[PDB]
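Following this: a sequence and the matching experimental structure.
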Amino acid sequence: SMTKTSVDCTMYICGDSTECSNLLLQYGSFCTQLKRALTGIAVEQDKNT
Amino acid sequence: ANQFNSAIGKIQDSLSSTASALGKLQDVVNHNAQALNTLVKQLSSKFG
């Protein structure tokens, strides 16, 4: 097994500013696919043990 | 003939009552369905 990691879309891209999150919702599902891919790694890391 | 016919009859009763044994093949449909449904929602967002 490897080290299980998780990446937040809000805290990494935006500095908790109101102008960053308004243009982030126009980009949509770009970090939704990247969040659920790392979730699907962390399920399979427990299945390897 | 009592042991082999009763053991194969429990396989037929398990697949009819419980569909969870085929759920590994149901994910192969579900990994293809969630990939196509996310890809067709890219046109609604304005990309900046």
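In hand now; what should we look at? Residues are numbered from 1 along each chain as shown, chains lettered A, B, ... in the order given.

Contacts (any at all) between chain A and stretch B:10-24?
No: Stretch B:10-24 lies out of reach of chain A by CB under 8 Å from any CB of the partner chain, never closer than 11.6 Å. In this view, the C-beta of every residue, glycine as well, is placed from N, C-alpha and C.

Need the residues that contact that stretch.
Stretch B:10-24 has contacts (CB atoms under 8 Å, 6 or more residues apart in numbering or on different chains) with residue B:26.

From what I see, residue A:1 and residue A:45 are in contact.
Yes: contact status for residue A:1 versus residue A:45: in contact at 5.0 Å, counting by CB atoms under 8 Å.

Neighbour count: these two, which is higher?
Each of residue A:1 and residue A:45 has its neighbours counted (other CB atoms under 10 Å in any protein chain shown); residue A:45 has more, 13 against 9.

residue contacts, the residue minimising distance to the centre of chain B?
Central residue of chain B (CA atoms, centre = their mean): residue B:26, 1.3 Å from the mean position. Going by CB under 8 Å, 6+ apart, residue B:26 touches residue B:19.

Quick check: it vs residue B:20, distance?
9 Å (CB to CB, to the nearest Å).

What of residue A:15?
45 Å.

and what of residue A:1?
Distance from residue A:1 to residue B:20, by CB to CB: 25 Å.

The closest residue to chain A within chain B: neighbour count?
Nearest residue of chain B to chain A, counting by CB to the nearest CB: residue B:45, 3.6 Å away. Applying other CB under 10 Å, we find 13 residues neighbouring residue B:45.
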